[PDB]
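In the block that follows, a single chain appears as structure tokens, in the form deposited in one PDB entry.
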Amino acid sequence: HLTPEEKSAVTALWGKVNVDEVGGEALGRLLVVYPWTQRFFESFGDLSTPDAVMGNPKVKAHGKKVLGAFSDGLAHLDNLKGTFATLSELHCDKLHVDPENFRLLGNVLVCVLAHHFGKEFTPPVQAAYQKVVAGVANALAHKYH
């Protein structure tokens, strides 16, 4: 349920996002801030320090994929469920990630946007992004519902 002003807030900011970087930043911070999530990324090699996490090329590459799916949801705000269906099967039925972590990654992304855009990330812009990341998290959790 985004209003047109909420939609404007979201798309005008997203146009400015570096899509090669921001997803790795959010995934890396998830792994640093919520370290239990490292359980799913054993194959990624050195996660021993925050610098090792943030500089790990597999974290950056994987985060690029993660952000690509966010971008696909931003383009389909009225059908997030179909947009996220195969990813919901993957994360829920195959990986068994607790869906609370979908909420945490969304909020980490919000922090990354706040850090990159500073004052431009106003309280109304944040509110619109909170609706988007909650909608993406609920769509990704559909197979638990």
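Just count from 1 along the sequence shown to find any residue number. In this text, the rigid core denotes the largest set of C-alpha atoms whose superposition between the two forms falls within 1.5 Å.
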Higher-B stretch (mean Cα B-factor, as the entry records it), 43-51 or 111-119: 43-51
If you take the mean CA temperature factor per stretch, which one wins between 95-103 and 73-81? 73-81
Looking at 22, 127, 134, 9, which has the biggest Cα B factor in the entry? 9
Should residue 28 be placed in the lowest, middle or highest third of its chain by the C-alpha B factor in the entry? lowest
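The protein also exists as the form deposited in another entry; that form is not presented, and the subsequent description refers to it.
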Upon rigid core superposition, which of the listed residues (92, 53, 112, 80) is displaced by 2 angstroms or more at its Cα between the shown form and the other one? 80
On a rigid core superposition, would residue 70 pass a 2 Å threshold for CA movement between the shown form and the other one? yes
Are residue 75 and residue 99 closer or farther apart at the Cα level in the other entry than shown, by 3 Å or more? closer
Given that the shift is 3 Å or more, do the Cα atoms of residue 75 and residue 29 end up closer or farther apart in the other entry than in this form? closer
